[PDB]
Each structure stands twice: as C-alpha cells, then as structure tokens.
Amino acid sequence: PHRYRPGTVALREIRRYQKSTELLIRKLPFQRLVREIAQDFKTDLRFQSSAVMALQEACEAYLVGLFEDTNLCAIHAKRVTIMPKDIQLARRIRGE
Amino acid sequence: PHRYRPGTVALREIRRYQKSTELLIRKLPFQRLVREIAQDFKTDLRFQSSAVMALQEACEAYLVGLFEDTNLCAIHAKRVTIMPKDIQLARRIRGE
Amino acid sequence: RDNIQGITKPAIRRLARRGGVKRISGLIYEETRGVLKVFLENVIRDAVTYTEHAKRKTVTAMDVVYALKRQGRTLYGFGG
Amino acid sequence: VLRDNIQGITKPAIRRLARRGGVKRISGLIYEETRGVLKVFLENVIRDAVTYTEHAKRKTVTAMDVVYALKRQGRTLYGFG
Amino acid sequence: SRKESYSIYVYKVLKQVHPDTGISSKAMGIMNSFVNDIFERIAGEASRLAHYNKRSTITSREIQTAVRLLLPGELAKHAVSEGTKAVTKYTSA
Amino acid sequence: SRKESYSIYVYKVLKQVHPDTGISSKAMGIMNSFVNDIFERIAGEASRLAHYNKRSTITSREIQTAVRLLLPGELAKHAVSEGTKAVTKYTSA
DNA sequence: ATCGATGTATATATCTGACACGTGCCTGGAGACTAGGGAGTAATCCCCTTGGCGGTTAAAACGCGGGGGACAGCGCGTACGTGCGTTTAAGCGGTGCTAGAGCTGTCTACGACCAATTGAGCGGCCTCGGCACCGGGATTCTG
DNA sequence: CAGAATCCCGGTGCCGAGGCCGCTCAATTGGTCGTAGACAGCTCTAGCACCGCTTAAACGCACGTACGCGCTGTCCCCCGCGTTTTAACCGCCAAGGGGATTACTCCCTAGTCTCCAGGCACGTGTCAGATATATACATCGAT
C-alpha cells in the first residue's frame, strides 16, 4: 500500500490545525480538573457554565504562546526536537 | 618579561566590577548625546543636571540586564563567545 | 486525584501542532502538565478570592475576567 | 548642531559593562549592535519626557518627567525621588 | 434590569462602511468589550495627568496629550485631527 | 511651602529596631519613595473592588482583600494579623 | 616535585564636613454637634444548576518497521586577549552672566446643581435564507 | 504514473439575523450663583559659557595560542499504520438551592467652627569615614 514518508503527515496536520478554530481540550476532563483544584481553597463551590469556558480559552491561549516561544529556542541549538531544557530556558528568559 | 595566560585578567575584572558600584560611561560624552537627540523634537531645550544622571542610570542598568540575559542563551549553544544573534534572540523572546 | 491524567497525550500533541512544532520529545508531557497546573492554581486562587468577597457561592465569568485582568492579560468575548 | 556624537560611547566602556554582567569573551561585532540598541532605547524615553515637558508648557526638562516616563513603561526607578 | 451597550452604534457604523455586510452576535460582544477597554485606558491616563499639575478639571488638552502618549504615531496623527474637527464644529454650532 | 515626608517616622522605627545605627540621606530617599509606591498600589486595588460591588464606602474588608491579593502568602498573614489586632485595640480604646 | 614574581588584603595615623541634635515657629488634627441616606435585615419568587438512565460511537491505548536525527571524536587556523608607548581631553577648579522656574497677587468664565419634560432605547415575538450538513464528483501532489 | 488524499458542485432544510412592535426613564433645556485658574508682575536659582593644569584614559600596535567550526561516525527515540475497546458524546428528564428583588430602619460618615502643638527649617559641631604607607602570603606560571 501507499505510505507517506516521515514528516509529510506532520506538515499536513500543522496546516490543518493552523487553519482550524475549534477547541482542543476535552470539556469533561477539564471540568473535573477545575472542580478538583478548587476544592482545596473552599468546599461546595459552584461554577457557571461560562466560567469554565473562559478558563479553558485562557489556558489554551497561554500554552499555545509558550510553545511558539519554545520553538525558536529549539532551532537556535541546531536541533529539531524540543526538550525540557528548552522550556526551562524560555521560561527563565521570560521571567516567569 | 612577564605575561598572564588568556582569561585570568578577564576573571579578575569580573570579580572586581561586580563588587564596585561606580558608573562606567563618561558623563560629558553622554550629556552631548542626550542634547543631540532631544533637539529633533524641540529646539532650545535645557536639561537639569540630575536628569542626565537619571537617564545614564537607566541605560546602564538596561544594558547590564540585557547582557545577563544574553549570556544564558549563549551558554545554551555550548559556546563561550557571545554573538549578535544571541542579543537578537533574547530581544525576540522578550517580546520587544 | 487522577483528574490531571485527563489531559491525554493527543491533546498536548494538538496544541504543539498548532504552535508549529514538528518533532516532540517524549518527556515534554510531564513538564507541560506541571506548567499548566501552577497557572490554573494561580488563576483560581484569585477567582475564589473575588467570589468569597462578594459572599456568593457560585463563581461567575466576571470573577475569571478580573483575575486574568490582574495577571496582566485581557480576555475579550465573555463580558465586562 | 552636533552632526554626530554617538561615536563617543567608547569600546572600553562597553567592555566594562559586559564585564559587570559576567561576560567572559566578546565578539568583535557586538559594539555596533549595542550602539544601535542603546539609541533605540533612548529615543523612546526621550519622546515621552519631552511630551510631558511640552504639556506643562515648561522649557526645562526635569528629573520628574523622566521618572514618570520610565514609570509608564514599568521601569520605576528608585533613588531620585 | 436593563443592560446598556453600544451595539446599535456599532451597527450604524458598519452599515456606513459596508452597507451590504452584516455582523454576528459574537462580533457585537467583542466590539462592545473593546470599546470599554480603550475608554478605561484613556480616562486613566487623563486622571494621572490631572493630579501632577494640581488642576481640578479635566479638559480637551488632557485628552489630546493622553492620545498622543498612548497611541502610536500615525494613528495619533489622524485621531487628533478627528477630535479637533469635531470640537471645532461642535463649538461653531 | 512646607514640604512633607516620612523621614521622622522612618527614624523612629529605625531607633526602635536598632537604636545604635544611623541612616544616610540617600537611603532616606529610597525609603520615602517606597512608602508612596505601596500606598498607591493598595489604594488603587481597593477602589476597583469597591466599584465592582457598587459600594460607596471603603472599609477594612476592602483593605484586607487587597492585602491578601498584593502581598505574598507569608507577608499577608502577619500583616493581616497585626492589622486586625490594631483595629481591635482602636475600637476597644 | 616546586618556588618566586605579582596582586590582594590589612594594619595604623590624619583630616574635614555629614548628620544628629537644639532652637525656633505656624497650620492642620482633635474636640463637639448635627443631618440623613447608605447599608443591613428577612421574606418571597423562580430558574437554573446538580445528577441519572440510556446507547452508540470518536477516540484513546497497544506493537512495531525502521529512520534521520542528536550526540561524540579528532582536526586545525585565525579571532581575540594580553603587554606596551604615545597623546588626547575629561576632570577640576574657578569667574561671570542671565534665561526662566517660581511665586504672589487679581478677578470672572466656567461649571455643578434642580426641575419638568419626552423619545431613544431596550424587552419580546415573528419570520425566512445564508448558512450548514450531506453526497458524489473532479483534481492535487507526493512518492 | 499510480492513487490517497484533497477540494468542491449541488440538494434539503433550519434557526438566527433582521425587523417590527411596546412603553419607560435617561437625557435635555432652562435658570441660578460660587469659585478655579487664566492672567500680569516681580524675583533671584542655577544653567550656560569660558580658561588652564594635570595624567588617567584612550588609541594604535605586536603576536600567539584557545576557541569555533567541520566531517566521519552511529544507534536508537520516535513517526506512521492498524486493532481493540472504550467512556465521551447527545438526548431526555429530576427538582429545590440559591440568586435576585422588595420594603423596613438604624448607625454610620460627611460636613462645620474652634484652637493650640507636632513637626517643618535654620544653625552648629564633632568624630565617621576617606586617605597614605607597609607587608603577610596566596596564586599562578614554566620546568
């Protein structure tokens, strides 16, 4: 059967997800995680349907931006694979 | 004659200048530069004696911080010589 | 609890793909989970503080908008 | 008018600043990049300082105008009142 | 209760720039938030500028200076002309 | 005419913590600017909290929440503890 | 297996003006009374958020063929640092003037506040077509 | 040069955008008058200019070896493909905890005249810190 060489599909996916607009995190797992973390500060809290969506949009934007910055640091070392030290360097330089 | 090996004087200067607190740029050449640039916006400007000092302190602290940041991204490439691309990369990641 | 495991590997891959990353090392996942957890913790602490000041029991979208606004990032589309 | 004074930021001063930052070895091209960066930095601060000066209808630039200009960018400087 | 918004004004402007084009509800909510954002930034800077001069009244000079300080060069260059023309026509009426 | 600064109160505290040390005018300038900075940050945050809830007055509840938001966890706990202690002594005076 | 040429630190006595303090004085915090509207209370309405039953699938988890990337070695030449003599002009100390920051002093143009008025705005119901989802087809580009 | 994957022509049908109607309370015109800041006049701070003596710093230089960069080498951490099996998806129905609004009322702050003392400048002096000379000994270097 026909088989694509390594990386052809990665580029196709890159184009697909750069052209799309939908959310990428599963709604239920995120909602359960939010309800779990909030329990340490105050018990029996309640959340409106739009608050979880606002938190999801902010978190997704933050991670996308951090990955964009990490990609520059990876190319600078003449590597292609991103590694934890690259994230650590980007975060240190950003002053987080 | 007598002659030290490469780098020992550099290290001695590093240990010296991190202990001291004086200014490193000449006061008068800098005052001329400040009166040079300000004239492009308005003529006959005057500067209080302390304003030039405030600008010099801000500029020196800024260059020192930029070089400190540049050094981290320089070591990451397994090099010891800093080069222009390190400054350009640091400024790009800082978002300015 | 195990709820942190709900952010499966494919979701992280999709996020990395949107950022243009072509090849990803297998250790990036635990670091990404650690980075996300502290961000969520930071935002929720502020949101819950605003909720508690109002004597409410339900957390509204305005409290999240103000938390993000204080951290220095502004969100458009949910209110305010 | 001064046709050119930015040449007055000498190579030794730049080396000393890199030394305070812990830089051990410096490439020969760093000097012109550093001059360009410093000039770009100074223009942005001076434009605001002059803007406050003109708004106040004064003719003398004052330390406080620089303090407020620096504050707007988030670089509050302590020591000059 | 009744909630105020600029939605009708945003629609009138859109109909003047593109009579055949329409706008969805999400875009109306975004524009309605963006307007309040810029409003708070300009009013904030005008407030700081008033105290440093010991003045008790905000005037058009404070707005003009705040606009020149916040917006980049070309945008400020056009906006200042728009405001000057508007105030001149209003006073002439 | 007569200016106003915190140099006296800073000196009283200095002589209470370390009765044998003095302070240069250069250090006094930094201590004077530090107080104006934190004062402005807290009053700003308290005003925003009061406006969002549609309240006309600023009370200790606003100050306590602002303190819990601006200061880190360890500084906030002690500051709030002694703030409430002081308020209790004042109200009981 | 080592030792001596260099540089740092530290120990002591002298000078001189920065900071602590004492005298002076004036403007702004405390005492005391008053008015009212802002805040704090319970009751009520009512809507929406918390949970389960059902079921059928979009998506995650499991193996592995095998690749092109990350990592190291030796090799080597030229960019940069170190050591020196010449000479520039900043630094410092002093003299003269005045642009212009700053302040007191005069008064009227501008605004806040009350009241009656009314139409531009928001609340809800209606409707119909750009959009959306589907199928079957033509065309692309990688290999 | 085969063909998996892609882009999109064309049909049905829907529910959201546009549009209308209802009716209220935010915005308008008019009058009153108390005072913030626009303005003139006057003062004297410190900023601008000018000169000569000194030598720390700067330039321009010689030069040699440490670092930046390059190929040859490799071995395995992952990309892409398929099967299992799942728990996430929609969809329909529960129901009372909590938010939103109303009317009551009391205690809290703002606002005012009175008045007297805390802390804002001026003056003074003395000893803390800046300075010059000598040397213990560590470190770096070639053999």
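Going by Swiss-Prot, the residues shown for chain A are 39-134, listed in order.
If you're wondering, the header gives electron microscopy, 3.9 Å.
Keep in mind that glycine also has a Cβ here, set from the backbone N, Cα and C atoms.
Among the features that Swiss-Prot reports, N6-(2-hydroxyisobutyryl)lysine is placed at A:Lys57, A:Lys65 (among others). Positions annotated as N6-succinyllysine by Swiss-Prot, on the basis of experimental evidence: A:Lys57, A:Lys123 (among others). The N6-glutaryllysine annotation in Swiss-Prot covers A:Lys57, A:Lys80, A:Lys116 (among others) and rests on experimental evidence. Taken from Swiss-Prot, the feature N6-(beta-hydroxybutyryl)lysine applies to A:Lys57 (among others). Residues or ranges marked as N6,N6,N6-trimethyllysine by Swiss-Prot: A:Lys57 (among others). According to Swiss-Prot, the feature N6-methyllysine maps to A:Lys65, A:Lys123 (among others), an assignment based on experimental evidence. Annotated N6,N6-dimethyllysine per Swiss-Prot: A:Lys80, in sequence order, evidence recorded as experimental evidence.
When the modified residues A:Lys57, A:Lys65, A:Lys80 are compared by the number of other CB atoms within 10 angstroms of each CB, A:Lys57 has the fewest. When the modified residues A:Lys116, A:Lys123 are compared by the number of other CB atoms within 10 angstroms of each CB, A:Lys116 has the fewest. A Cα-Cα distance of 38 Å separates A:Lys65 (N6-methyllysine) from A:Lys116 (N6-glutaryllysine). Chain C lies within reach of A:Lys80, taking the modified residues A:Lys57, A:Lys65, A:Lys80, A:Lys116, A:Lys123 and requiring a CB-CB distance under 8 A.
Across the structure, the residue listed as 'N6,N6-dimethyllysine' and A:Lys57 (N6-(2-hydroxyisobutyryl)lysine) place their CA atoms 41 angstrom apart.
The CA atom of A:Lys123 (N6-methyllysine) is located 14 Å away from the CA atom of A:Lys116 (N6-glutaryllysine). Note: the Cα of A:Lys116 (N6-glutaryllysine) and the Cα of A:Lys57 (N6-(2-hydroxyisobutyryl)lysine) are spaced 28 Å from each other. Secondary structure from DSSP puts A:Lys57 (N6-(2-hydroxyisobutyryl)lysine) in a helix.
Under DSSP, A:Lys116 (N6-glutaryllysine) is assigned to coil, being neither helix nor strand in the three-state scheme.
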